[PDB]
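S.K.: Take a look at the following structure, please.
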Amino acid sequence: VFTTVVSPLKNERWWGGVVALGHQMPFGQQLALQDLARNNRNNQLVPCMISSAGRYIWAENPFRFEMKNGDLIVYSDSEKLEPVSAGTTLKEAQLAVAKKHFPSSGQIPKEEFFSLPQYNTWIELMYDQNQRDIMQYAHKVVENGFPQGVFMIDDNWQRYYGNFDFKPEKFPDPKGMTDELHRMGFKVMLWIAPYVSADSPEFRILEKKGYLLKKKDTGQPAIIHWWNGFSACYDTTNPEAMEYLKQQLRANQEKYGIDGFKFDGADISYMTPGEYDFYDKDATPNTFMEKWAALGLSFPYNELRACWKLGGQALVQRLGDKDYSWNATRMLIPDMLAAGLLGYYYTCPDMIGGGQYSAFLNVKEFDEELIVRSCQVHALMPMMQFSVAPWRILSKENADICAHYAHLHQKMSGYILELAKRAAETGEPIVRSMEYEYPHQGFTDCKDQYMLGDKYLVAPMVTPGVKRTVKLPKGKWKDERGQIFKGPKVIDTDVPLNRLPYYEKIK
Amino acid sequence: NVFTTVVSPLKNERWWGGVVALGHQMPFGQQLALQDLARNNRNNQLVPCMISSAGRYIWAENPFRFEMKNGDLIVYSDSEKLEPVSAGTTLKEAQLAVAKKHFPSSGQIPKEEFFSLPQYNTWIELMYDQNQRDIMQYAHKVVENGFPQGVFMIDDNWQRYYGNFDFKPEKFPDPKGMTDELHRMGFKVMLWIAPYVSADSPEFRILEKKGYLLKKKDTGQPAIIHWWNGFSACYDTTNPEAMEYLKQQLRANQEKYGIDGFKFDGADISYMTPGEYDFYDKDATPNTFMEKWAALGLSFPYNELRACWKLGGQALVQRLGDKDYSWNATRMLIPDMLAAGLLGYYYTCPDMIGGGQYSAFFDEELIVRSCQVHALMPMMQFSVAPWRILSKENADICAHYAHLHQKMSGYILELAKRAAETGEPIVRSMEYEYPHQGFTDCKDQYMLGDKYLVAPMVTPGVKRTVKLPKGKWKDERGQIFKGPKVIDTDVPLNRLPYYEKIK
């Protein structure tokens, strides 16, 4: 175990490792041990640590890290690891490691991702994915003046896991439903995973072809316990398995008219390293998680959530579904900022109000502020995902508020699209921490405001009430109202429910 | 302890019992490899019962191991020390003692249409692709080609997936109407089911919540069984509420779709590893589980099963494992069918015709001779389509024999009530009806009741040995004989040899 105690420099704080831990970033002085080989925490992983003092670590292989007594300690069995002086800022260190170790492809996903909101049927239809309600939802989007965008039909549309046809008892005419949504100006995407019903026609076919993931000491297909139950699994190291699976999906796209797929669930968190006979003998569970994600390169409409490396790449990267609570709402920015720093620039900031359906089931009188404040966050991010039906849970007033912010995102999208090409080519995030853009200027822990590009500072409401701190750095700052300021100084502002604070830099 | 019991044979004494799949290797030679009732059912039924031709028997409440070494029957039980019992001096006498004592008959039977009618299984024809269209094509071709109507047993893959008991609607546009249609044509319909549940299915989660799945011990988590179709979670059959629920699962199917009963297939203890599981019943073994999947059939008068432990005397249709397409396998039907009888599974379906393994599908004689065997058994199952694989001539031959079974059914129905009340098999070994008279390994002829001796063709050609015992014997042609003597006969393809006892 090639240990490397990294004592910090002056003021030096550390980011990196698990994208789910963006909210706990930069790291405090005591941090529990993190094993990249075992837990992705229902999110993304990269073997990268970056500091505000212009240093970084990169590993070819997963490792363990922790903070003890201010020190960053790092344990790898495969290699002994050293930091790198690349400048003197967080920004400088991020661009060195990126350009060197996860250079951007020079390409992006579809531009519709950034322009349009995403509407996930998870919170509303849950498992009862059926044509009827999909069209009810799709119309109510329009009727309530929300923009059309990517309609992401979630789990339980397919007959069973491994099958890529619709349940016909739920979809009397899915080809026509797709046309209908296309005429209404939407895009459509389907939820998929490497899991396969273990007793299915498809299972045996794949098992014959050795396309399933195989258990070591048994040569048998590996049966994975995951959030839905136990399934056989596609070996994502097997290229012919992925070749076949690719054509599986294309056939769906012709047959039904689907634009792309949501790739969810290559969690290494379910896998136990070493137990598997991967097709690739130099492959880890991490490799497999990377290979499920790589599959999305072959589809310009794609979104995923589990990933290892694949920094700089044209991959929509969703933040893991979280909870209907303020604490969780506050984690959107910090978690998202990290995603960018660690390669995954194009980022959907999770679902609106919570990606957990059970919170919205059995509900009568909601906390309507949280929904709206949560909306505001998304407005000035690369993408914006809803799931719950504002029109159903909110007041008509509050719905329209959200519908403003959807149109405000859509207004902003020209600039977001611009930034994404700068991300894909330079390797600058779209959404940047304050310490990123303004290093050593006391914005190191600043976890409740961020830069959209290097132009707009955004300090949305992340708590109940109608007041807010804002640290402005040096420069001339015009809020959305139009009122000019200049920093460095720390203003208080009046934030009504239908106010998102953001400040254009005007020289 | 391993409570071992070396059981020396008496004079000339031969032994039956244990595994119904081993009926063909019965009675047992001097060397039989070790047989563990706790582990392998051999794709068929199991009973803790051994019977001898010298009027002796063994019974165990629990599984055991047995084997033949050097003439001796050796017996290994962890739970109990085991000993034989003098019940008369014949095989017949010993069978009726153990039956009346340890698996007495219920006094009831399954539906009478089982015995009257042939069964038509769609596995060989449709296989995995079970669909309304081809079911109706097959059903008509039965009729068109002059074969009789009977129980239409739609086999695996009609259901949306494992655990679900609705049809695939992409295959069944109107399954309720298809049921009526088949009822109007004078058929009955039965559906294939198993305790296996897709491990990732809605139903899996529902059951998982209710603790209705079979639970692994060390994890209290669903037990995931690797079986012939793949890996599935499983219904805990020892959980009575689970089975309560499952019963209503099926009844709902019967109203909704119009189904008369179900084929219960796959409680194999062969898949389970004893001890690893938290059964609901804490006293339960894998064997218990296997018994409880089968007990489920009591609740539906249209039922057929294949995996089972105990449940002797009971109104349960019992099938033989899906055999091979060869003569080798054809020869085992009779002695396997006889072994069912002895062991309490009186009402018995004889495997499939031609082979219950679809991959094999012509040698048209084998099919027709295989048909002839079934003709004079309690039931008769086809699967492969004679009209497709045979000459029209040979099809008609089979169609006669189906009509001959149907003719004979009055007597078979009579015998089933004698079985359900006395505990005498419908189909009886020669040694059963005529003990000590050198019919001990008679494996190519049997008694239908105590009336008709049946010596069907068991090999290619057109000649056949027949041991007649004492008594007056009229063949089907009408020509009278008397034994004990050993006749030859001319058996053309369209001849089933059988001899009525006329005094």
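Naming scheme: A, B, ... for chains in displayed order of the structure tokens; residues 1 onward per chain; ligands 1 onward as shown.
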Got a sec: who's within 9 Å of stretch 18-35 of chain A, counting only C-alpha atoms, leaving out chain neighbours fewer than 6 positions off, as a ChimeraX atom specification?
M.R.: /A:41-47,51,62-72,319-320,330-339,342,444-445,447
S.K.: Just N, CA, C and O atoms for this one: save the residues we selected as a short mmCIF file (atom, residue, chain, number, x, y, z; two decimals), in the first residue's frame.
M.R.:
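Contents of selection_7.cif, as written:
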```
data_model
loop_
_atom_site.label_atom_id
_atom_site.label_comp_id
_atom_site.auth_asym_id
_atom_site.auth_seq_id
_atom_site.Cartn_x
_atom_site.Cartn_y
_atom_site.Cartn_z
N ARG A 41 -20.99 6.05 -4.70
CA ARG A 41 -21.99 6.78 -3.94
C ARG A 41 -23.15 7.20 -4.84
O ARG A 41 -23.74 8.22 -4.59
N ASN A 42 -23.58 6.29 -5.72
CA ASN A 42 -24.64 6.55 -6.67
C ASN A 42 -24.31 7.78 -7.53
O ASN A 42 -25.19 8.56 -7.84
N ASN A 43 -23.02 7.97 -7.91
CA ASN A 43 -22.62 9.13 -8.70
C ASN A 43 -21.33 8.86 -9.47
O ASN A 43 -21.20 7.74 -9.95
N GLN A 44 -20.49 9.89 -9.71
CA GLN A 44 -19.34 9.73 -10.62
C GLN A 44 -18.10 9.66 -9.75
O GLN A 44 -18.20 10.08 -8.61
N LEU A 45 -16.98 9.14 -10.30
CA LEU A 45 -15.69 9.00 -9.63
C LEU A 45 -14.55 9.33 -10.61
O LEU A 45 -14.60 8.92 -11.77
N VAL A 46 -13.50 9.99 -10.10
CA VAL A 46 -12.31 10.29 -10.87
C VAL A 46 -11.10 10.18 -9.95
O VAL A 46 -11.20 10.59 -8.79
N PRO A 47 -9.95 9.62 -10.42
CA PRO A 47 -8.72 9.57 -9.63
C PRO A 47 -7.92 10.87 -9.73
O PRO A 47 -6.78 10.88 -10.18
N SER A 51 -5.93 21.23 -5.68
CA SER A 51 -5.85 22.17 -4.57
C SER A 51 -5.95 23.63 -5.05
O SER A 51 -5.68 23.93 -6.22
N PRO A 62 -7.70 3.39 -9.42
CA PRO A 62 -8.34 3.83 -8.18
C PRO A 62 -7.39 3.79 -6.97
O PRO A 62 -6.34 3.15 -7.01
N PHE A 63 -7.77 4.52 -5.91
CA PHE A 63 -6.99 4.56 -4.68
C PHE A 63 -7.92 4.84 -3.51
O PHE A 63 -9.15 4.97 -3.68
N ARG A 64 -7.33 4.87 -2.31
CA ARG A 64 -8.01 5.34 -1.12
C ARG A 64 -7.38 6.67 -0.69
O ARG A 64 -6.17 6.87 -0.82
N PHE A 65 -8.23 7.58 -0.19
CA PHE A 65 -7.75 8.82 0.38
C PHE A 65 -8.54 9.19 1.63
O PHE A 65 -9.62 8.69 1.88
N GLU A 66 -7.95 10.08 2.44
CA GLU A 66 -8.63 10.67 3.59
C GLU A 66 -7.88 11.91 4.08
O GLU A 66 -6.72 12.13 3.72
N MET A 67 -8.58 12.72 4.90
CA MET A 67 -8.00 13.87 5.57
C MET A 67 -7.81 13.49 7.03
O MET A 67 -8.76 13.07 7.68
N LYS A 68 -6.58 13.59 7.53
CA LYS A 68 -6.29 13.44 8.96
C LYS A 68 -5.38 14.58 9.38
O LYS A 68 -4.24 14.66 8.92
N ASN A 69 -5.93 15.45 10.24
CA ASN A 69 -5.18 16.48 10.93
C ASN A 69 -4.70 17.48 9.87
O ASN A 69 -3.55 17.91 9.91
N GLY A 70 -5.59 17.80 8.92
CA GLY A 70 -5.33 18.74 7.84
C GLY A 70 -4.63 18.12 6.62
O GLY A 70 -4.72 18.63 5.50
N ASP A 71 -3.98 16.97 6.87
CA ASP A 71 -3.19 16.29 5.85
C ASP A 71 -4.11 15.49 4.92
O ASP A 71 -5.04 14.83 5.39
N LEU A 72 -3.81 15.53 3.62
CA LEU A 72 -4.37 14.61 2.64
C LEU A 72 -3.48 13.38 2.55
O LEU A 72 -2.32 13.47 2.13
N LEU A 319 -26.64 14.56 -11.62
CA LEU A 319 -26.37 14.43 -10.19
C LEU A 319 -27.35 13.42 -9.59
O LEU A 319 -28.50 13.36 -10.00
N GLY A 320 -26.89 12.56 -8.69
CA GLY A 320 -27.74 11.48 -8.19
C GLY A 320 -29.05 12.04 -7.63
O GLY A 320 -29.02 13.10 -7.00
N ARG A 330 -29.29 22.35 -0.89
CA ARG A 330 -28.12 23.20 -0.76
C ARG A 330 -26.89 22.53 -1.36
O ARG A 330 -25.88 23.19 -1.61
N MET A 331 -26.98 21.22 -1.58
CA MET A 331 -25.85 20.46 -2.06
C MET A 331 -25.75 20.52 -3.59
O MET A 331 -24.75 20.02 -4.11
N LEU A 332 -26.75 21.11 -4.29
CA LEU A 332 -26.79 21.08 -5.76
C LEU A 332 -25.57 21.81 -6.34
O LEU A 332 -24.76 21.21 -7.05
N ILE A 333 -25.41 23.09 -5.94
CA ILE A 333 -24.29 23.90 -6.42
C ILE A 333 -22.94 23.22 -6.17
O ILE A 333 -22.24 22.97 -7.17
N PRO A 334 -22.56 22.91 -4.89
CA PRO A 334 -21.22 22.39 -4.58
C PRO A 334 -20.93 21.06 -5.28
O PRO A 334 -19.89 20.91 -5.92
N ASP A 335 -21.89 20.13 -5.21
CA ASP A 335 -21.78 18.89 -5.96
C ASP A 335 -21.56 19.13 -7.47
O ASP A 335 -20.57 18.62 -8.03
N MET A 336 -22.40 20.02 -8.05
CA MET A 336 -22.30 20.34 -9.46
C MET A 336 -20.95 20.96 -9.79
O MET A 336 -20.18 20.37 -10.54
N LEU A 337 -20.52 21.97 -9.03
CA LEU A 337 -19.24 22.64 -9.29
C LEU A 337 -18.15 21.57 -9.43
O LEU A 337 -17.37 21.65 -10.38
N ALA A 338 -18.11 20.58 -8.51
CA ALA A 338 -17.04 19.58 -8.53
C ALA A 338 -17.09 18.82 -9.85
O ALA A 338 -16.12 18.79 -10.59
N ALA A 339 -18.28 18.36 -10.25
CA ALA A 339 -18.43 17.63 -11.50
C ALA A 339 -17.63 18.29 -12.61
O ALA A 339 -16.80 17.65 -13.25
N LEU A 342 -13.86 18.13 -12.30
CA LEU A 342 -13.33 16.76 -12.47
C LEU A 342 -13.59 16.17 -13.88
O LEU A 342 -13.39 14.98 -14.18
N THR A 444 -13.01 30.31 -0.72
CA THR A 444 -12.53 28.94 -0.75
C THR A 444 -13.65 27.99 -0.34
O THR A 444 -13.87 26.97 -1.00
N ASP A 445 -14.38 28.30 0.74
CA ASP A 445 -15.49 27.47 1.18
C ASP A 445 -16.82 27.92 0.58
O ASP A 445 -17.85 27.37 0.92
N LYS A 447 -19.93 28.03 -0.83
CA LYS A 447 -20.68 26.88 -1.34
C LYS A 447 -22.12 27.26 -1.72
O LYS A 447 -22.94 26.36 -1.98
#
```
S.K.: Hey, list the chain B side of the contact with chain A: 10 Å cut-off, only C-alpha atoms, answer as an mmCIF file with C-alpha atoms, in the first residue's frame.
M.R.:
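Okay, this is what ended up in result_11.cif:
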```cif
data_model
loop_
_atom_site.group_PDB
_atom_site.id
_atom_site.type_symbol
_atom_site.label_atom_id
_atom_site.label_comp_id
_atom_site.auth_asym_id
_atom_site.auth_seq_id
_atom_site.Cartn_x
_atom_site.Cartn_y
_atom_site.Cartn_z
ATOM 1 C CA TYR B 128 -40.659 -20.464 -26.223
ATOM 2 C CA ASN B 157 -43.501 -18.529 -21.942
ATOM 3 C CA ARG B 160 -45.313 -11.873 -19.549
ATOM 4 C CA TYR B 161 -42.448 -13.043 -17.316
ATOM 5 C CA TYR B 162 -41.747 -15.362 -14.346
ATOM 6 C CA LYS B 168 -47.956 -11.709 -23.294
ATOM 7 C CA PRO B 169 -50.493 -9.477 -25.140
ATOM 8 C CA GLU B 170 -48.160 -9.141 -28.150
ATOM 9 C CA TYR B 196 -39.732 -18.979 -9.833
ATOM 10 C CA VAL B 197 -40.064 -15.208 -9.974
ATOM 11 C CA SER B 198 -38.032 -12.785 -12.056
ATOM 12 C CA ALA B 199 -35.484 -11.466 -9.557
ATOM 13 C CA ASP B 200 -35.963 -7.835 -10.692
ATOM 14 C CA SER B 201 -39.760 -7.840 -11.308
ATOM 15 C CA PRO B 202 -42.558 -5.738 -9.774
ATOM 16 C CA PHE B 204 -40.559 -9.890 -6.854
ATOM 17 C CA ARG B 205 -40.514 -6.667 -4.836
ATOM 18 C CA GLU B 208 -40.097 -9.620 -1.067
ATOM 19 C CA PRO B 222 -34.425 -13.591 -1.233
ATOM 20 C CA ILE B 224 -31.930 -16.727 -5.869
ATOM 21 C CA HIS B 226 -30.262 -21.266 -10.571
ATOM 22 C CA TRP B 227 -32.675 -23.529 -12.474
ATOM 23 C CA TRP B 228 -33.034 -24.760 -16.038
ATOM 24 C CA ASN B 229 -34.300 -21.395 -17.341
ATOM 25 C CA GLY B 230 -31.813 -19.167 -15.453
ATOM 26 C CA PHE B 231 -31.707 -17.487 -12.005
ATOM 27 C CA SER B 232 -34.884 -16.538 -10.227
ATOM 28 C CA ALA B 233 -36.106 -15.526 -6.811
#
```
S.K.: If we count only C-alpha atoms and set the cut-off at 10 Å, which residues sit around residue A:404, ignoring sequence neighbours fewer than 6 positions away in its own chain? Please answer as a CSV table (one decimal) with C-alpha atoms, in the first residue's frame.
M.R.:
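Wrote it out as around_9.csv, contents follow:
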```csv
chain,number,residue,atom,x,y,z
A,145,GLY,CA,-46.6,27.5,-20.2
A,146,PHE,CA,-43.5,25.4,-19.4
A,147,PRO,CA,-41.1,25.0,-22.4
A,376,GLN,CA,-34.1,29.0,-9.2
A,379,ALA,CA,-32.3,28.1,-14.0
A,398,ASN,CA,-45.7,29.4,-8.1
A,410,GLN,CA,-33.9,29.0,-22.2
A,498,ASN,CA,-40.0,35.1,-7.4
```
S.K.: Which is closest to residue B:144 among B:495, B:344, B:185, B:391, if we use only C-alpha atoms?
M.R.: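 The closest residue to residue B:144 is B:185.
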S.K.: Would you mind writing down, as a ChimeraX atom specification, each residue of stretch 268-478 of chain B that DSSP on the backbone assigns to strand (DSSP E)?
M.R.: /B:277-278,302-305,308-309,318-319,348-349,381-382,427-428,446-448,452-454,466-475
S.K.: Selected residues, N, CA, C and O atoms, written as a compact mmCIF listing (two decimals), in the first residue's frame, please.
M.R.:
```txt
# COMPACT_ATOMS: atom_id res chain seq x y z
N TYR B 277 -31.32 -22.11 3.72
CA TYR B 277 -32.51 -21.27 3.60
C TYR B 277 -33.34 -21.15 4.88
O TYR B 277 -33.48 -22.12 5.62
N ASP B 278 -33.91 -19.96 5.07
CA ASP B 278 -34.86 -19.69 6.11
C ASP B 278 -36.25 -19.92 5.55
O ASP B 278 -36.89 -19.05 4.99
N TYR B 302 -58.19 -29.54 -12.08
CA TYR B 302 -57.26 -29.60 -13.19
C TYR B 302 -55.87 -29.20 -12.70
O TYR B 302 -55.65 -28.03 -12.38
N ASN B 303 -54.98 -30.19 -12.59
CA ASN B 303 -53.62 -30.00 -12.15
C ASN B 303 -52.75 -31.09 -12.75
O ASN B 303 -53.23 -32.22 -12.95
N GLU B 304 -51.48 -30.76 -13.00
CA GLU B 304 -50.46 -31.75 -13.32
C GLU B 304 -49.13 -31.28 -12.75
O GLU B 304 -48.84 -30.08 -12.82
N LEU B 305 -48.35 -32.22 -12.20
CA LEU B 305 -47.03 -31.88 -11.68
C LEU B 305 -46.02 -32.96 -12.01
O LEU B 305 -46.33 -33.92 -12.70
N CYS B 308 -42.08 -33.52 -6.93
CA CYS B 308 -42.91 -33.83 -5.77
C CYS B 308 -42.17 -34.68 -4.74
O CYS B 308 -41.32 -35.50 -5.07
N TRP B 309 -42.56 -34.53 -3.47
CA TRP B 309 -42.12 -35.36 -2.35
C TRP B 309 -43.35 -35.81 -1.55
O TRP B 309 -44.13 -34.99 -1.05
N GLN B 318 -49.62 -36.87 -12.08
CA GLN B 318 -48.17 -36.92 -11.96
C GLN B 318 -47.58 -37.29 -13.32
O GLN B 318 -47.97 -38.26 -13.97
N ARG B 319 -46.65 -36.46 -13.77
CA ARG B 319 -46.01 -36.65 -15.06
C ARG B 319 -44.62 -37.23 -14.83
O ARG B 319 -44.06 -37.09 -13.74
N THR B 348 -51.33 -41.19 -13.40
CA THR B 348 -50.03 -40.89 -13.95
C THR B 348 -50.11 -40.58 -15.45
O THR B 348 -50.73 -41.30 -16.20
N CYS B 349 -49.49 -39.47 -15.88
CA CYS B 349 -49.33 -39.16 -17.29
C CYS B 349 -47.96 -39.64 -17.76
O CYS B 349 -46.96 -39.30 -17.13
N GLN B 381 -50.06 -38.25 -23.47
CA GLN B 381 -49.63 -36.89 -23.78
C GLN B 381 -48.91 -36.95 -25.12
O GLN B 381 -48.00 -37.76 -25.27
N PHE B 382 -49.37 -36.11 -26.06
CA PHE B 382 -48.62 -35.78 -27.26
C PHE B 382 -47.98 -34.42 -27.10
O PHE B 382 -48.33 -33.69 -26.20
N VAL B 427 -51.84 -48.85 -13.21
CA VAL B 427 -50.87 -49.64 -13.96
C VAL B 427 -49.94 -50.37 -12.99
O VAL B 427 -49.27 -49.76 -12.15
N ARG B 428 -49.88 -51.70 -13.15
CA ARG B 428 -49.29 -52.62 -12.18
C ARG B 428 -48.20 -53.44 -12.86
O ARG B 428 -48.37 -53.88 -14.00
N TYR B 446 -46.84 -55.02 -18.78
CA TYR B 446 -47.50 -54.59 -17.55
C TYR B 446 -48.98 -54.96 -17.60
O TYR B 446 -49.51 -55.26 -18.67
N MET B 447 -49.62 -54.88 -16.44
CA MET B 447 -51.04 -55.15 -16.32
C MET B 447 -51.79 -53.82 -16.25
O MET B 447 -51.42 -52.98 -15.44
N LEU B 448 -52.81 -53.63 -17.09
CA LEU B 448 -53.77 -52.55 -16.90
C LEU B 448 -54.92 -53.06 -16.03
O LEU B 448 -55.80 -53.77 -16.49
N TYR B 452 -56.14 -56.61 -18.38
CA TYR B 452 -55.39 -56.60 -19.63
C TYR B 452 -53.88 -56.63 -19.42
O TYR B 452 -53.33 -55.71 -18.83
N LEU B 453 -53.23 -57.69 -19.92
CA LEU B 453 -51.78 -57.71 -20.07
C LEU B 453 -51.44 -57.00 -21.37
O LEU B 453 -52.09 -57.21 -22.39
N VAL B 454 -50.40 -56.16 -21.31
CA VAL B 454 -50.02 -55.31 -22.44
C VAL B 454 -48.53 -55.48 -22.72
O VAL B 454 -47.70 -55.18 -21.88
N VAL B 466 -43.47 -62.60 -25.36
CA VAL B 466 -44.50 -62.31 -24.38
C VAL B 466 -44.55 -63.44 -23.36
O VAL B 466 -44.84 -64.58 -23.72
N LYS B 467 -44.25 -63.15 -22.08
CA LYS B 467 -44.51 -64.09 -21.00
C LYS B 467 -45.95 -63.94 -20.51
O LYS B 467 -46.31 -62.94 -19.88
N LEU B 468 -46.77 -64.95 -20.81
CA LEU B 468 -48.10 -65.07 -20.22
C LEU B 468 -48.00 -65.87 -18.93
O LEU B 468 -47.25 -66.84 -18.85
N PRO B 469 -48.67 -65.42 -17.85
CA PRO B 469 -48.77 -66.20 -16.63
C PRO B 469 -49.95 -67.16 -16.74
O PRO B 469 -50.57 -67.24 -17.81
N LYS B 470 -50.24 -67.88 -15.66
CA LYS B 470 -51.37 -68.80 -15.67
C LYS B 470 -52.66 -68.02 -15.86
O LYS B 470 -52.78 -66.88 -15.42
N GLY B 471 -53.65 -68.64 -16.53
CA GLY B 471 -54.92 -68.00 -16.79
C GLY B 471 -55.25 -68.06 -18.28
O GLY B 471 -54.43 -68.53 -19.08
N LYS B 472 -56.44 -67.57 -18.63
CA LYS B 472 -56.94 -67.68 -19.99
C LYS B 472 -56.85 -66.30 -20.65
O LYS B 472 -57.41 -65.35 -20.13
N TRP B 473 -56.13 -66.21 -21.79
CA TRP B 473 -55.67 -64.94 -22.34
C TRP B 473 -56.12 -64.76 -23.80
O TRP B 473 -55.63 -65.46 -24.69
N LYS B 474 -57.00 -63.78 -24.05
CA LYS B 474 -57.48 -63.47 -25.39
C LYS B 474 -56.83 -62.18 -25.88
O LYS B 474 -57.04 -61.12 -25.29
N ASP B 475 -56.06 -62.27 -26.98
CA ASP B 475 -55.44 -61.08 -27.55
C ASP B 475 -56.53 -60.18 -28.14
O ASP B 475 -57.73 -60.47 -28.07
```
S.K.: Hey, can you check how far atom CA of residue A:113 sits from atom CA of residue A:316?
M.R.: 8.1 Å
S.K.: Where does DSSP see helix (DSSP H, G or I) in stretch 257-503 of chain A, if you list the residues as number ranges by chain?
M.R.: A: 285-298, 326-329, 332-341, 357-359, 368-379, 390-393, 396-425, 434-437
S.K.: Please indicate the distance in Å from atom CA of residue B:193 to atom CA of residue B:341, rounded to one decimal place.
M.R.: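 Those two atoms sit 24.7 Å apart.
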S.K.: Fewer than 2 positions away in the same chain doesn't count, so skip those; otherwise give me all residues within 9 Å of stretch 70-75 of chain B, counting only C-alpha atoms, as a PyMOL selection string.
M.R.: chain B and resi 3-9+15+29-31+64-68+77+81-83
S.K.: Excluding stretch 325-340 of chain B and residues on its chain fewer than 2 positions from it, collect all residues at most 9 Å away from it, counting only C-alpha atoms, and give them as a VMD selection string.
M.R.: chain B and resid 16 to 17 19 to 26 45 318 to 320 323 342 to 351 353 to 357 360 to 361 366 to 367 369 to 370 373 to 374 377 425 427 to 429 442 to 446 458 to 460
S.K.: For those residues, write C-alpha atoms to a file as an mmCIF file, in the first residue's frame.
M.R.:
```
data_model
loop_
_atom_site.group_PDB
_atom_site.id
_atom_site.type_symbol
_atom_site.label_atom_id
_atom_site.label_comp_id
_atom_site.auth_asym_id
_atom_site.auth_seq_id
_atom_site.Cartn_x
_atom_site.Cartn_y
_atom_site.Cartn_z
ATOM 1 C CA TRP B 16 -38.132 -51.143 -5.588
ATOM 2 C CA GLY B 17 -38.536 -47.598 -4.287
ATOM 3 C CA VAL B 19 -36.867 -42.272 -7.015
ATOM 4 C CA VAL B 20 -39.639 -42.440 -9.612
ATOM 5 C CA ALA B 21 -37.113 -41.526 -12.340
ATOM 6 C CA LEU B 22 -35.258 -44.771 -11.483
ATOM 7 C CA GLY B 23 -38.331 -46.955 -12.221
ATOM 8 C CA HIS B 24 -36.453 -48.201 -15.349
ATOM 9 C CA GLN B 25 -33.560 -49.429 -13.143
ATOM 10 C CA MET B 26 -36.051 -51.276 -10.930
ATOM 11 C CA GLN B 45 -40.875 -37.417 -7.883
ATOM 12 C CA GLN B 318 -48.175 -36.925 -11.959
ATOM 13 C CA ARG B 319 -46.015 -36.654 -15.063
ATOM 14 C CA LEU B 320 -42.739 -38.343 -15.907
ATOM 15 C CA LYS B 323 -37.589 -37.771 -21.969
ATOM 16 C CA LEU B 342 -46.061 -48.565 -6.495
ATOM 17 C CA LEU B 343 -45.055 -45.345 -4.725
ATOM 18 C CA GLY B 344 -48.538 -43.787 -4.447
ATOM 19 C CA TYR B 345 -48.678 -41.674 -7.613
ATOM 20 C CA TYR B 346 -51.447 -43.755 -9.078
ATOM 21 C CA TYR B 347 -52.936 -41.335 -11.606
ATOM 22 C CA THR B 348 -50.027 -40.891 -13.946
ATOM 23 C CA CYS B 349 -49.329 -39.155 -17.294
ATOM 24 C CA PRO B 350 -46.588 -40.920 -19.375
ATOM 25 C CA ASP B 351 -44.043 -38.214 -20.201
ATOM 26 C CA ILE B 353 -44.722 -38.669 -27.063
ATOM 27 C CA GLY B 354 -41.597 -38.586 -29.236
ATOM 28 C CA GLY B 355 -39.573 -36.779 -26.555
ATOM 29 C CA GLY B 356 -40.272 -33.772 -24.371
ATOM 30 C CA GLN B 357 -37.010 -32.212 -25.555
ATOM 31 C CA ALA B 360 -34.301 -33.138 -30.974
ATOM 32 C CA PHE B 361 -37.038 -32.165 -33.456
ATOM 33 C CA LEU B 366 -40.472 -44.795 -32.837
ATOM 34 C CA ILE B 367 -43.232 -42.173 -32.694
ATOM 35 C CA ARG B 369 -44.623 -47.403 -31.139
ATOM 36 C CA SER B 370 -44.191 -44.721 -28.457
ATOM 37 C CA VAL B 373 -47.325 -47.592 -25.115
ATOM 38 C CA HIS B 374 -49.370 -44.608 -23.890
ATOM 39 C CA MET B 377 -51.956 -46.168 -19.695
ATOM 40 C CA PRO B 425 -52.108 -48.676 -8.881
ATOM 41 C CA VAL B 427 -50.872 -49.637 -13.963
ATOM 42 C CA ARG B 428 -49.294 -52.617 -12.183
ATOM 43 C CA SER B 429 -46.030 -54.513 -12.677
ATOM 44 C CA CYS B 442 -40.477 -57.876 -16.501
ATOM 45 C CA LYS B 443 -39.805 -54.371 -17.851
ATOM 46 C CA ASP B 444 -41.483 -54.515 -21.265
ATOM 47 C CA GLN B 445 -44.996 -55.549 -20.256
ATOM 48 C CA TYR B 446 -47.503 -54.592 -17.549
ATOM 49 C CA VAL B 458 -40.245 -51.731 -27.341
ATOM 50 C CA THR B 459 -37.749 -51.876 -30.250
ATOM 51 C CA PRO B 460 -37.608 -51.709 -34.091
#
```
S.K.: Between B:138, B:264, B:167, B:123, which residue has the minimum interatomic distance to residue B:190, considering only C-alpha atoms?
M.R.: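 The shortest atom-to-atom distance to residue B:190 comes from B:264.
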S.K.: Which of these residues is nearest to residue B:380, using only C-alpha atoms: B:18, B:497, B:313, B:150?
M.R.: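 Counting only C-alpha atoms, the residue closest to residue B:380 is B:150.
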